[PDB]
Amino acid sequence: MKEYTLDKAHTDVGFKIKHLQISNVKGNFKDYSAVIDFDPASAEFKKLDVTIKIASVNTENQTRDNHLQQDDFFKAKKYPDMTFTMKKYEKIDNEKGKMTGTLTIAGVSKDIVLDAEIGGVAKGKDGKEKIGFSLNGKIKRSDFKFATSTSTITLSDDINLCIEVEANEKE
């Protein structure tokens with residue numbers, strides 16, 4: 001035999017171990033249309049109809065945005081837009097209400113409830129109206145048969161809708 005001494009400078013006493021991490025995907029859509037009818041006398045919504053262009057998704061990650069258009073997600077080639085249609089606004093008070101409407105993702109439609117929170121109603125600089133509200137609510141991928149190939153382990157069944165609107169009177 002023969003005795004050696006490590007060259008600590010070119011020796012690595014190393015290990016690799018696999019772990020999981022949970023993270024939130026946050027995103028919006030750059031491109032959408034809405035019709036908003038609101039009565040500031042009573043702080044009631046009268047009509048709220050939104051159309052979102054799936055193509056315009058942005059989750060801060062180019063390769064993921066593309067992947068979202070594919071058959072295993074939005075299938076934007078066949079179903080290029082998602083639509084929301086208000087069916088009912090039930091006032092709680094002037095800051096708060098329960099909105100019920102039809103969401104349609106990739107041709108499948110379900111009625112969902114959003115929590116309307118009016119964060120401010122005003123007359124503008126120019127004497128024409130503004131409003132600022134939010135719509136919050138949880139929907140389930142499974143209720144919309146959405147991204148069914150992807151497990152509820154890898155990706156949560158719960159999607160959190162966070163709609164923030166500043167909006168001005170018309171004509």
# chains A, B, ... in the order shown; residues from 1 in each chain; ligands from 1

$ residues_around --residues "stretch 63-76 of chain A" --least-positions-apart "6" --cutoff "10 Å" --atoms "only C-alpha atoms" --output "MDAnalysis selection string"
chainID A and resid 27 53:57 82 105:107 146:150

$ residues_around --residues "residue A:141" --least-positions-apart "6" --cutoff "9 Å" --atoms "only C-alpha atoms" --output "VMD selection string"
chain A and resid 147 to 148 152 156 to 159

$ residues_around --residues "residue A:136" --least-positions-apart "4" --cutoff "9 Å" --atoms "only C-alpha atoms" --output "short mmCIF file (atom, residue, chain, number, x, y, z; two decimals) with N, CA and C atoms, in the first residue's frame"
data_model
loop_
_atom_site.label_atom_id
_atom_site.label_comp_id
_atom_site.auth_asym_id
_atom_site.auth_seq_id
_atom_site.Cartn_x
_atom_site.Cartn_y
_atom_site.Cartn_z
N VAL A 113 -69.37 32.84 -7.96
CA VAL A 113 -69.65 34.03 -7.14
C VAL A 113 -68.37 34.79 -6.89
N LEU A 114 -68.40 36.09 -7.15
CA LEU A 114 -67.28 36.96 -6.84
C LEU A 114 -67.67 37.90 -5.72
N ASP A 115 -66.69 38.18 -4.87
CA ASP A 115 -66.88 39.16 -3.83
C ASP A 115 -66.46 40.51 -4.34
N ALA A 116 -67.51 41.32 -4.53
CA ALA A 116 -67.40 42.70 -4.96
C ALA A 116 -67.07 43.49 -3.74
N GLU A 117 -65.98 44.23 -3.88
CA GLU A 117 -65.57 45.18 -2.90
C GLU A 117 -65.32 46.54 -3.60
N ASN A 160 -57.43 31.45 -7.87
CA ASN A 160 -57.92 32.64 -7.20
C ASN A 160 -58.03 33.78 -8.16
N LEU A 161 -59.24 34.25 -8.35
CA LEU A 161 -59.50 35.35 -9.24
C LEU A 161 -59.32 36.63 -8.46
N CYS A 162 -58.45 37.51 -8.98
CA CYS A 162 -58.20 38.86 -8.39
C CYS A 162 -58.31 39.95 -9.46
N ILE A 163 -59.55 40.43 -9.67
CA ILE A 163 -59.88 41.49 -10.67
C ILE A 163 -59.90 42.86 -10.03
N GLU A 164 -59.01 43.75 -10.47
CA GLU A 164 -58.95 45.14 -9.98
C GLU A 164 -59.33 46.14 -11.09
#

$ closest_residue --among "A:153, A:94, A:166, A:42" --to "residue A:21" --atoms "only C-alpha atoms"
A:153

$ select_by_dssp --residues "stretch 19-143 of chain A" --states "helix (DSSP H, G or I)" --output "PyMOL selection string"
chain A and resi 54-56+62-69+141-143

$ write_last_selection --atoms "N, CA and C atoms" --output "tab-separated table (two decimals), in the first residue's frame"
chain	number	residue	atom	x	y	z
A	54	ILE	N	-57.37	34.96	-24.29
A	54	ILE	CA	-56.46	33.98	-23.73
A	54	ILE	C	-55.02	34.19	-24.22
A	55	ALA	N	-54.87	34.44	-25.53
A	55	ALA	CA	-53.55	34.73	-26.14
A	55	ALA	C	-52.71	35.75	-25.35
A	56	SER	N	-53.38	36.64	-24.60
A	56	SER	CA	-52.72	37.76	-23.97
A	56	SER	C	-52.32	37.49	-22.52
A	62	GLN	N	-42.37	33.92	-20.59
A	62	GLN	CA	-42.60	33.66	-22.00
A	62	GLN	C	-42.92	32.18	-22.33
A	63	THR	N	-42.02	31.26	-21.97
A	63	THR	CA	-42.25	29.86	-22.34
A	63	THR	C	-43.53	29.31	-21.70
A	64	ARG	N	-43.89	29.80	-20.51
A	64	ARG	CA	-45.12	29.31	-19.85
A	64	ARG	C	-46.40	29.86	-20.49
A	65	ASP	N	-46.38	31.15	-20.82
A	65	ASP	CA	-47.47	31.76	-21.55
A	65	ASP	C	-47.85	31.00	-22.85
A	66	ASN	N	-46.84	30.59	-23.62
A	66	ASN	CA	-47.06	29.78	-24.82
A	66	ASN	C	-47.65	28.43	-24.49
A	67	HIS	N	-47.13	27.82	-23.45
A	67	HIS	CA	-47.50	26.48	-23.06
A	67	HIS	C	-49.00	26.52	-22.63
A	68	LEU	N	-49.46	27.70	-22.17
A	68	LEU	CA	-50.84	27.87	-21.66
A	68	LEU	C	-51.90	27.84	-22.76
A	69	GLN	N	-51.50	28.33	-23.93
A	69	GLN	CA	-52.28	28.22	-25.16
A	69	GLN	C	-52.50	26.79	-25.69
A	141	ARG	N	-60.50	24.34	-11.11
A	141	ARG	CA	-60.10	23.71	-12.40
A	141	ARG	C	-61.02	22.54	-12.72
A	142	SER	N	-61.35	21.75	-11.71
A	142	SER	CA	-62.13	20.56	-11.94
A	142	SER	C	-63.59	20.85	-12.32
A	143	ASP	N	-64.12	21.99	-11.88
A	143	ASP	CA	-65.50	22.37	-12.16
A	143	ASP	C	-65.62	22.77	-13.62

$ closest_residue --among "A:133, A:145, A:100, A:138" --to "residue A:38" --atoms "only C-alpha atoms"
A:133

$ select_by_dssp --residues "chain A" --states "strand (DSSP E or B)" --output "count of residues only"
84

$ closest_residue --among "A:112, A:41, A:52, A:99" --to "residue A:28" --atoms "only C-alpha atoms"
A:52

$ atom_distance --atom1 "atom CA of residue A:49" --atom2 "atom CA of residue A:155"
28.3 Å

$ atom_distance --atom1 "atom CA of residue A:87" --atom2 "atom CA of residue A:103"
10.5 Å

$ residues_around --residues "residue A:131" --least-positions-apart "2" --cutoff "10 Å" --atoms "only C-alpha atoms" --output "PyMOL selection string"
chain A and resi 38+40+118-124+129+133+165-169

$ atom_distance --atom1 "atom CA of residue A:104" --atom2 "atom CA of residue A:130"
28.2 Å
